[PDB]
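Encoded as structure tokens, the structure appears first; notes follow it.
There are 2 protein chains.
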Amino acid sequence: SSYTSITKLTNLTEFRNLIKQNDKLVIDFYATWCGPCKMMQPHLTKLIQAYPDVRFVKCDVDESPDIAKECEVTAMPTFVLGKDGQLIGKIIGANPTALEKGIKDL
Amino acid sequence: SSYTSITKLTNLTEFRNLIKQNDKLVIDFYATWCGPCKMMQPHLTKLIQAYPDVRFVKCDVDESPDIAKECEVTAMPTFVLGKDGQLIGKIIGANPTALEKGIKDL
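So the sequence lines, in the order shown, correspond to chains A and B.
Count the first sequence with PDB author numbering and you get residues -1 to 104, in order.
Count the second sequence with PDB author numbering and you get residues -1 to 104, in order.
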């Protein structure tokens, strides 16, 4: 499993329910034209494999601007972390060290 | 210089090369029929004068739909910001304050 194959959220119903369904969650809010998002892709693939207990999903902010707005997403990439059926926090930007640290705390 | 005299992007490779060459880049994605793009022209002229260390260009989304598509532009004006050889952010709509604040941070 990798950045390429993880679920991409395309609607609010899916977004909300998948949060509720998961004990540990990372949502990568991204834009396809955005260089820091692209930079983070191989880092996410490594994290996806290193933390198989964590569900990673992704969301294209131009394709799903209603989901991005629900999470009040401004900067790309924004990683929104979920824990026990609930969103708990953000890691903003192409920062693999801070991102891995937040994931380890889940 | 001004809105009228800045480079008008016409090609996808040209757009990519400009992104790589420029430490600081603003692209105005506009449509000629769209009033808010017109309203933003004198604001862009002021910003172009105020930020000589920023390269400003423009792109007609209807004449260059592939470049608009690359940046996922469907609302105009959209201002796409690049820093140090990659695209980093997008400001959507006729919002002079938000635009300057983004430009100021480059």
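For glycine and all other residues, C-beta sits at the position ideal for the given N, C-alpha and C.
query: Is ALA29 of chain A close to chain B, meaning its C-beta is less than 8 Å from at least one C-beta of that chain?; result: yes
query: From the DSSP secondary-structure annotation, give me the bridge partner or partners of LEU85 of chain A.; result: A:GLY80
query: Taking only beta carbons into account, state which residues of the segment 46 to 70 of chain B come closer than 8 Å to chain A, listed in chain order.; result: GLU68, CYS69, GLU70
query: Exposed or buried, what is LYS56 of chain B when buried is set at 16 or more other beta-carbons lying within 10 Å of its beta-carbon?; result: buried
query: On the DSSP bridge assignment, give the partners of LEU23 of chain B in chain order.; result: B:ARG53, B:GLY80
query: Using 8 Å as the Cβ pair cut-off and three pairs as the minimum, do the segment 38 to 56 of chain B and the segment 9 to 18 of chain A touch?; result: no
query: Residue 106 of chain A versus chain B: which residues are under 8 Å apart at the beta carbon?; result: Shown here, chain A extends from -1 to 104; a query on residue 106 of chain A therefore has no answer.
query: Drop a sphere of 10 angstroms on the beta-carbon of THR5 of chain B, count the other beta-carbons inside from all chains shown, and report buried for 16 or more, exposed for fewer.; result: exposed
query: When the distance is taken between beta carbons, is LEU97 of chain A closer than 8 Å to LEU23 of chain A?; result: no
query: Between which two residues does the alpha helix (DSSP H) containing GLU98 of chain B stretch?; result: 94 to 102
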